[PDB]
Structure formats: structure tokens, C-alpha cells
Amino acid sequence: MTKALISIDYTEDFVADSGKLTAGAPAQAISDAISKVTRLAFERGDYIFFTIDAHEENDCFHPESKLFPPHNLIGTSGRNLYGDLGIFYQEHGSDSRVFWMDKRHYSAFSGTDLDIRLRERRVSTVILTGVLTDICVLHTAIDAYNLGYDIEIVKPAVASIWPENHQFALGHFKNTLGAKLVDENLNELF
């Protein structure tokens, strides 16, 4: 029954209007659902992992730097969590069940110790939230699948810039990864 909720890249740079790689409106639209579900997961005794892009300026060795403009730079406000989710972190970030995790690839597992931390705790299910549905959420989900985790996707708490991409990703999660789609109350959606 040991579960972990993963909060992926829900920062000012991905969500806010002035954000450097902002998803804009669709990302902002999930603010209430993402904060509610994360607070709920925490209330249920789940582990919470904030897995956040930590980029550097002039990282010529990173293939991502040629693909997107500078975003989520180390030591910038762009890395601040957006909305009430940010308030949640300031309140509960010191709790032994809440984690902040820097990542450099899209997937929350790549080059991090997420798998190690989950295995230490004998977690068998990950609950995915954040942005973008078809990039960092999708990559994290695929890695989770290959690492043998059960997957839940919080449908109203994931978002993409592109609606067709969001739809592809949701279908992929359900039909290919065998993931459970859930709402903000963590109830399965049929």
C-alpha cells in the first residue's frame, strides 16, 4: 500500500505567463487539482517527490540546450513551484516524507536516485502529476514502467501545451503502460 506521488516540473518557468518555457493556460488550469491531490496524497501518508529541472547556462554538452531556450536555471525564480503547490512545499518540505530532486533529463529517474529512494521504502506504485504530459511526465512514466512500478496518472493534474499531445500521452499511459487514470480525489476514472 506504499505509494509515492511524483510532482514533475510544476514551476514558474513552465506554468506562469512570464515563464521561459511556459505551457501557459493549460498548465495554469491544473493549479487547483495538482495542489489538492498532492495535499491529499501527503494526508494519506504517501511519499512526495518534487522532481524539478535544474539547468545551467551555456551547458554545451547537454543535447537539450539546442532544443529549447534556457529554462529552470539553477538559482533563478524560474525554478520556484507554481501556486499552492509552492505553499505546500514551504510548509512540509522539511518532513521526512517530502523530497526535492534536481534532474537534467526529462524523466525523473534519469541520473537521479529516485529509483533508489523508492526501493528503500518498498514503494510499488508511483502517482504522476505535472508538466508536460507528453515530455517529462511521459518519460517518467516509461522509466517507471520499465522499472516495474505500478502507475497512476492524475488526469486533471497533468497538462501539455498541445491538446493532441496530451491526448496521445493519456492513451499511451492507459493502453500501453497499463496505468490507472485517477482524479484529484485519487479515485479511478472510467
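Residue numbers run from 1 along the displayed sequence.
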query	finding
Missing coords for residue 57 in a third or more of other PDB entries	yes
Stretch with the greater mean C-alpha B-factor as recorded in the entry, comparing 60-68 against 40-48	60-68
Higher-B stretch (mean Cα B-factor, as the entry records it), 151-159 or 137-145	151-159
Among 11, 22, 176, 167 - the residue whose C-alpha B-factor is largest in the record	22
Top residue by Cα temperature factor, when 87, 118, 98, 108 are compared in the entry	87
Residue 185 - which third its CA temperature factor falls in, relative to the rest of the chain	middle
For residue 113, the third of its chain into which the C-alpha B factor falls	lowest
